[PDB]
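Enquirer: The structure under discussion is supplied below as C-alpha cells; questions concerning it will follow.
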Amino acid sequence: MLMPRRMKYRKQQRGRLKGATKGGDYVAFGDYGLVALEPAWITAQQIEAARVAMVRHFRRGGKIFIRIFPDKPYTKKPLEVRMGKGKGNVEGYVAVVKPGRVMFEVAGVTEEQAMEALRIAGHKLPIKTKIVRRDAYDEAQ
Amino acid sequence: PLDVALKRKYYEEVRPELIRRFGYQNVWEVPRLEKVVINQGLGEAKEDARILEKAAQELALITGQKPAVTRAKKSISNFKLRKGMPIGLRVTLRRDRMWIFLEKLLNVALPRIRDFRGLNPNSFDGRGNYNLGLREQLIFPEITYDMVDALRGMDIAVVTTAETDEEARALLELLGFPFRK
Amino acid sequence: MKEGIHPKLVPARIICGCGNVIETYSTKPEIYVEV
Amino acid sequence: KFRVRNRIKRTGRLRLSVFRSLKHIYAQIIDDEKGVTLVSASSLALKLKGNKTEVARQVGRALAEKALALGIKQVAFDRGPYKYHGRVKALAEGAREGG
Amino acid sequence: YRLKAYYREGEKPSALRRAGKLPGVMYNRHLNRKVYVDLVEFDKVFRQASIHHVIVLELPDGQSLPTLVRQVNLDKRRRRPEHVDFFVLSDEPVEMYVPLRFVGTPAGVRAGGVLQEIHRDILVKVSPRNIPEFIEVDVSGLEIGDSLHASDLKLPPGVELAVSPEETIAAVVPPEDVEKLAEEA
Amino acid sequence: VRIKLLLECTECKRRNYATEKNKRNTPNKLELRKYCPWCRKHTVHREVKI
RNA sequence: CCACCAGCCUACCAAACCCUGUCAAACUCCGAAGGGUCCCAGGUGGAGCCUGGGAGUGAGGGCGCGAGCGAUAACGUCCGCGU
RNA sequence: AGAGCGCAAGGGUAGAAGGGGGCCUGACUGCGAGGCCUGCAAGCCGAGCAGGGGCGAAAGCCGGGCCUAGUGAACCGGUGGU
RNA sequence: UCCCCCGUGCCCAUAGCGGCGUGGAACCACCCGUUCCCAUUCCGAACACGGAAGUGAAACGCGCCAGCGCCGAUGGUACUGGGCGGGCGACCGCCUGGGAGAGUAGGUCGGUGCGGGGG
Numbered sequence: 001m002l003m004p005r006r007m008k009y010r011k012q013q014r015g016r017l018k019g020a021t022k023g024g025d026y027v028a029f030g031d032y033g034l035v036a037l038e039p040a041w042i043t044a045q046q047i048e049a050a051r052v053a054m055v056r057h058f059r060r061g062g063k064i065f066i067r068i069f070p071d072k073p074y075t076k077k078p079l080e081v082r083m084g085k086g087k088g089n090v091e092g093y094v095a096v097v098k099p100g101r102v103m104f105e106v107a108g109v110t111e112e113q114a115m116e117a118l119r120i121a122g123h124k125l126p127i128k129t130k131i132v133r134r135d136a137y138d139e140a141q
Numbered sequence: 002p003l004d005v006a007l008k009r010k011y012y013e014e015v016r017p018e019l020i021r022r023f024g025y026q027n028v029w030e031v032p033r034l035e036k037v038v039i040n041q042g043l044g045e046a047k048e049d050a051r052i053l054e055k056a057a058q059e060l061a062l063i064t065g066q067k068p069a070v071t072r073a074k075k076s077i078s079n080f081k082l083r084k085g086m087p088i089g090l091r092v093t094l095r096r097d098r099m100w101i102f103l104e105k106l107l108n109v110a111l112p113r114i115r116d117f118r119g120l121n122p123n124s125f126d127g128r129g130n131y132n133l134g135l136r137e138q139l140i141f142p143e144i145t146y147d148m149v150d151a152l153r154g155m156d157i158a159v160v161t162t163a164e165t166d167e168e169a170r171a172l173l174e175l176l177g178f179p180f181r182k
Numbered sequence: 001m002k003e004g005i006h007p008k009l010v011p012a013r014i015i016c017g018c019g020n021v022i023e024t025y026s027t028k029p030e031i032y033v034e035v
Numbered sequence: 011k012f013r014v015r016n017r018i019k020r021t022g023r024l025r026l027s028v029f030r031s032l033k034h035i036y037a038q039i040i041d042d043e044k045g046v047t048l049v050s051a052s053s054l055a056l057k058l059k060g061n062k063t064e065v066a067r068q069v070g071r072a073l074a075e076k077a078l079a080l081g082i083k084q085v086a087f088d089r090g091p092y093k094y095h096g097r098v099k100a101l102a103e104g105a106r107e108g109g
Numbered sequence: 003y004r005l006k007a008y009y010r011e012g013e014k015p016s017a018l019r020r021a022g023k024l025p026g027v028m029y030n031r032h033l034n035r036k037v038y039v040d041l042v043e044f045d046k047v048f049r050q051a052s053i054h055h056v057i058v059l060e061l062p063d064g065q066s067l068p069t070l071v072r073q074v075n076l077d078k079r080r081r082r083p084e085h086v087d088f089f090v091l092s093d094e095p096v097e098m099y100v101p102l103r104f105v106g107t108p109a110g111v112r113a114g115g116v117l118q119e120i121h122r123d124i125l126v127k128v129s130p131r132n133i134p135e136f137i138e139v140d141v142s143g144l145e146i147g148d149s150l151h152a153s154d155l156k157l158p159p160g161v162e163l164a165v166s167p168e169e170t171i172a173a174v175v176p177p178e179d180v181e182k183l184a185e186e187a
Numbered sequence: 005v006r007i008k009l010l011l012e013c014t015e016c017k018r019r020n021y022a023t024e025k026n027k028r029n030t031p032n033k034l035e036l037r038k039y040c041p042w043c044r045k046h047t048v049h050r051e052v053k054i
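In order, the protein sequence lines correspond to chains C, A, X, P, Y and G.
All residue numbers in the first sequence are consecutive under full-length UniProt numbering, ending with 141.
All residue numbers in the second sequence are consecutive under full-length UniProt numbering, ending with 182.
All residue numbers in the third sequence are consecutive under full-length UniProt numbering, ending with 35.
All residue numbers in the fourth sequence are consecutive under full-length UniProt numbering, ending with 109.
All residue numbers in the fifth sequence are consecutive under full-length UniProt numbering, ending with 187.
All residue numbers in the sixth sequence are consecutive under full-length UniProt numbering, ending with 54.
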C-alpha cells in the first residue's frame, strides 16, 4: 500500500489517461520485471495484494522493488445519496499507470521463480501484464 | 600614533621572528593586525530598560570608548524578546585604540582570573581569527568591586589579515598571549 | 574615536604588587593592579 | 554597490559621467544614448594642478568653457559614491547652471 | 563485432521502420550524417554488445568503419528499440560505461543476502587505444549492510576514471518472507 | 472603524475645508496639519467636529 | 564505557547531500499545436460600417473531441470550441 | 534571492516596493487629453495645464500606502458654509 | 592608423565561479595624517578633507586551464491544427502540414561602440 500521509489536496479531479508511460520501462534495479498493458489506475489495495501474493508464494525470497507509487485520491461519494450537494472523498488511494510502465521487479530469485511469481502477481492486477528480462534496458537514467 | 608597550615591541619584535621563521617576502602581504570588536550580548534585556544598557555602557567606558547597542533578530517565545531590540553590546576597535585594549588585557587583565590555567589553545577559526569568552567582568584592571552586580562576562572577537593557525598564534605570542600548553 | 561625549582617554600607570611600573593609555588616570 | 543606478535617477535627461580616484579627478560630461561623451576635464590627467579641490574649481570652470563652446546647457553630476562634498566647482558655475 | 550499415537519404522514417530497417544516426567531431541498419542481426549482435563491447559497420560506400552505441530511444508503447545513436571510434581518452563483473560470494551472499546491481556500466575515461573487457569487482568479502564503491573496483592499468568515486557500485540487502506479515500490522 | 473614526480639518482665518480621517487610539491628541484652502495659498488648518 | 571530555559499534530511527528511478489541475528550468492582435495584400458579398422604426429571443436538444461532476455508470447533469 | 514587503493567495520586487536617519504633510485645488472595462450604471488609468506647497546641491518626485479585498445609486434628513 | 591603462557604454551567463600567471614607468588600489570639510545608533572601517615614504599581497586589468557553472546542434519520438476510420467504452490506427523538451556530438571562461592619457 503506502501513500503520502498529508500531501496537498484532499480532493483532485480524476483525469484523462491516454498513453506514453511518461518514461519508466527500463531498469537499473531488478533482473526480471512486470510492465503494464492498459492505461489505468491501479489500486494500492491491488498493489499490496500483488506484493503479498508474490512474496507470499516465494517465501524466504530476495528483495522486490516498486518503481511506482499510489499517489492518487479516489473521490468516493457516500452510499445511496443524491446528486450534487458535494463531491467524493479521499477513498481509493491508487497510482496512475499507463502501458509500458514497469510496475515492479525482482532480483535474487531463480528463473522459474521470477516467472511464476510475477505471473500470479500480475494475474491479480486489474488488467494484464508483460514479464520481462534485463538486456536492451541497458542505459536510460 | 599612540606608542604603547606592545605596539613598539610589535614594530621591532614582529619582523625578526615572523619574517625569519615564517618567511614573507612581501612588504605588505605579511598578514598582521585587524579589527578587534568587543561584544557582551546577554538576553536579559527582556526589559529592565537601558538601565540594563547602563551596565553595558560602563563596559565601553572601561576600554575608553562609547558603544553600540546592537540587538536581536527574532521572536524567541521561550526566553522572551520577540522582534529584536534587547542586548547585544558591541563596539569596534582599530589600530592605536585596539593596541591599548590588548595592553590592559595581557599586562594586567589576564593575571587575575581564578581559573586562569592558560589561554584556550583550541578556539581558532582557522581563517586568521580567534574568538573566546570569560566569566568575570572585573578581570580587567580599571573595574573594581564598586560597580559589579553579579556576573557579566564578555565575548572578545578578533579578526586578522591572517588566514591560518600558526601565523595568528605566534602573532599572539609576539604580542603577549600565553596559551594553555 | 571621534564624537564629543566620548569618555575621553589620558595616560595611566600600573603600580603592581611586585613593584612593576607599566605605562598605559586608557580611560582612567589611576590604574595599578597585580602583576 | 552604489549602483542603484543613481544613473537611473539621472536617466532623467543628460549626463556627467566621472570618477574620483586618489590622484586624478576624471570630470567628464557625456551625451548618453550612444554613450558619446563630449566634454572632459581632469586633475593632472589634464596637466593642470596637483590639488583635487583646487583643480575642481578651476577645472569645472575650464570645463564650463568647453561645454559652452559646443552649445551646452544642463546635465547632472553623475556618481554613486559622489556624496556631494560639492567640490564647489560642483560643475554648477561650471557652465551647467548646476545648482 | 561485425554488422551491416547503410547511408540514409532523408525519407520519412515511417517507411524505413515499416520495412525492416532500424533508422539511426552517427557522428564524430563535426560530421553528423544519417544511417540505418537491419533489425534482426542488429538486435542479435547488440545483445552481445551494447556500450560494453564494440560495433563495426561495413558500408556499401567503399568504406567499412566502426562505432560504439549511444542513446537508444524506444517506443514506450509495446516496448522495443526504434532508434539508435552511434559515436564513431578514435584513439583519444573516451568516456563510457564499462561492465562490472561481480566476483565473489562472501557473508552477505551465502548467509542470505542479495547483491545491489547499481553500476554494471560505470563511467570511465579510457583511451580507445585500449579496450577494457570486463572489470573485476572484488565481492570476495562483504556483509549485509556493507557495500562496495569507489576505487574498490578494478582500474585496468590502461583505464582511468572520473565518477565520484564514492558511488556505491554494489551492496548486500536482506531477504524477506512471512516476517513481512509481521510488518503487515 | 470609529476608533480611527472620521473628522475634518478647517483653516483658521475663517472656515475652509479638506477631507481627512483620524486614529484616536494611536497617540492622536489634536492636529494642526498644514494644507491648502479654497482661498489664497497654503496656510494653517485646525482640527474640529465629526 | 569516561568524565577537564570522549571513544566505540549494529540484519536501528532519521535532518541534509549524492546516486537510483519517480509522480503532479491549483508544481513549472523549457515549451509546442494554435489563438490573439495590428501592418502591407488580395477578397463584390443578403460582407461590412452609421443612424432610424418594428420585432421576436432569453427551459433549448443531440453528436464531436477538450475538462468538471457521477462510479473514467445514466437517452445523467455542467461548461467550452464545433456542428 | 529560499528574507522582508500589515493582513489570503497570486503576481512581483534587493538596479527596491525591503530596512535606518533628516525636513515635512501632494489622503493638494481648479481641470483633464486620450485609453482600460462594460447592457445600463459604476468601477479602473493618467501625461500635461494652472495656483501654490514639501523636500531635493541639482536632475526631479509628489492628485497617500508595491498592486489586486477593507465597499452601498437614489429617495429622508442631521451638521458647517455659500 | 594601432599598443596598454583609466573614466564608460552596449550583448545578456558560450559573458559567471574558481585554479593559476602577470603589471604598475602615467594610472588604479592599498597605503598615509586625522589638525581642516565631514560623518559612523560603535569604528577615519564607511564618506571624508589634506598627503610624503612605500607597496603591487589584498582591489583590479590582461592572460592560461572546463573542474563547477552555462549554451546544445542532428537524427528520431512526444504532443498538436486540418482531414479519415477502427473500439461496448478505457481508448488505438492512418494521411497532410506544424514540431518540443530529454539527452548524445560538441561548444564556451568572453563580444563590443564613445571619451581621455601616455608610445
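Quick reminder that beta carbons are idealized off the backbone N, C-alpha and C, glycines included.
(1) Per DSSP, what kind of secondary structure is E30 (chain A) in: helix, strand or coil?
(2) Ignoring anything shorter than 3 residues, give me the beta strand (DSSP E) runs that lie fully in the region 21 to 95 of chain C, in order along the chain.
(3) In whole angstroms, give me the CA-to-CA distance for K84 (chain A) and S78 (chain A).
(4) Indicate whether at least one CB of chain A lies closer than 8 Å to the CB of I15 (chain X).
(5) Along chain X, in chain order, which residues have C-beta atoms closer than 8 Å to that of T64 (chain A)?
(6) Excluding sequence positions up to five away, which residues of its chain have a Cβ less than 8 Å from the Cβ of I146 (chain Y)?
(7) Give the DSSP-derived three-state secondary structure of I52 (chain A) in the structure shown.
(8) Going by other Cβ atoms of all chains shown within 10 Å of its Cβ, with 16 needed for buried, is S26 (chain X) buried or exposed?
(9) If the cut is a Cβ gap below 7 Å, which residues of chain A does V35 (chain X) touch?
(10) One question on the structure: do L90 (chain A) and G42 (chain A) come within less than 8 Å of each other, judged by their Cβ atoms?
(11) Could you tell me which whole alpha helix (DSSP H) segments of length 4 or greater appear in the region 16 to 86 of chain Y?
(12) Quick one: what's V46 (chain P) bridged to in DSSP?
(13) Could you spell out where the beta strand (DSSP E) holding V37 (chain A) opens and where it closes?
(14) How many angstroms separate the CA atom of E80 (chain C) from the CA atom of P126 (chain C)?
(15) Check the Cβ of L135 (chain A) against every Cβ in chain X and list those closer than 8 Å, keeping chain order.
(16) Measuring straight from C-alpha to C-alpha, what distance separates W100 (chain A) and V14 (chain P)?
(17) On the premise that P130 (chain Y) lies in contact with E94 (chain Y), defined as a C-beta separation below 8 Å, what is that separation, rounded to the nearest angstrom?
(18) Using a Cβ-Cβ cutoff of 7 Å, what residues of the region 6 to 36 of chain C are near chain Y? List them in chain order.
(19) Give me the Cα-Cα distance between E119 (chain Y) and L118 (chain C), rounded to the nearest whole angstrom.
(20) Can you give me, in chain order, the residues of the region 6 to 18 of chain A that have a beta carbon less than 9 Å from any beta carbon in chain X?
(21) Determine whether the beta carbon atoms of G17 (chain X) and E34 (chain X) lie at a separation below 8 Å.
(22) Let me make sure I understand the geometry here. Which of Y:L183, Y:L157, Y:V161, Y:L150 has the alpha-carbon closest to that of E168 (chain Y)?
(23) Note down the Cα distance separating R6 (chain C) from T110 (chain C), rounded to an integer number of angstroms.
(24) List, in order along the chain, the chain X residues whose C-beta lies closer than 7 Å to that of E45 (chain A)?
(25) Is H123 (chain C) helix, strand or coil by DSSP?
(26) So, helix, strand or coil for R98 (chain A), using DSSP?
(27) How far does the alpha helix (DSSP H) with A37 (chain P) in it extend, from its first residue to its last?
(28) By DSSP, does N132 (chain A) sit in helix, in strand, or in coil?
(29) Quick test of your reading: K98 (chain C) and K22 (chain C), contact by CB under 8 Å. State the CB separation rounded to the nearest angstrom.
(30) Put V106 (chain C) into one of helix, strand or coil per three-state DSSP.
(31) Whose C-beta lies closer than 7 Å to the C-beta of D126 (chain A) among residues of the same chain, with five residues either side of it excluded?
(32) Taking the alpha helix (DSSP H) that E143 (chain A) falls in, what are its first and last residues?
(33) Is the CB of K63 (chain C) under 8 Å away from at least one CB in chain Y?
(34) In angstroms with no decimal places, state the Cα-to-Cα distance between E38 (chain C) and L33 (chain Y).
(35) Compare the C-beta of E139 (chain C) against all C-beta atoms of chain Y and say whether one is closer than 8 Å.
(36) Measure the alpha-carbon distance for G160 (chain Y) versus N132 (chain Y) and round it to whole angstroms.
Expert: Taking the definition as stated:
(1) coil
(2) 32 to 36, 40 to 43, 64 to 66, 72 to 75
(3) 10 Å
(4) no
(5) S26, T27
(6) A109, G110, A113, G114, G115, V174, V175, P176
(7) helix
(8) buried
(9) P112
(10) yes
(11) 41 to 49
(12) DSSP, once it has assigned bridges, lists no residue as partnering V46 (chain P).
(13) 37 to 41
(14) 26 Å
(15) By Cβ distance, chain X contributes nothing, its closest Cβ being about 16 Å from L135 (chain A), past 8 Å.
(16) 38 Å
(17) 7 Å
(18) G19, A20, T21, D25, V35
(19) 20 Å
(20) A6
(21) yes
(22) Y:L150
(23) 39 Å
(24) Near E45 (chain A) there are no residues of chain X at all, since even the closest Cβ is about 24 Å away, more than 7 Å.
(25) helix
(26) helix
(27) First-last for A37 (chain P): 37 to 40, but that is the beta strand (DSSP E), not the alpha helix (DSSP H).
(28) coil
(29) 7 Å
(30) strand
(31) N132
(32) Segment: none, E143 (chain A) is in no alpha helix (DSSP H) and carries neither H nor E.
(33) yes
(34) 42 Å
(35) yes
(36) 6 Å
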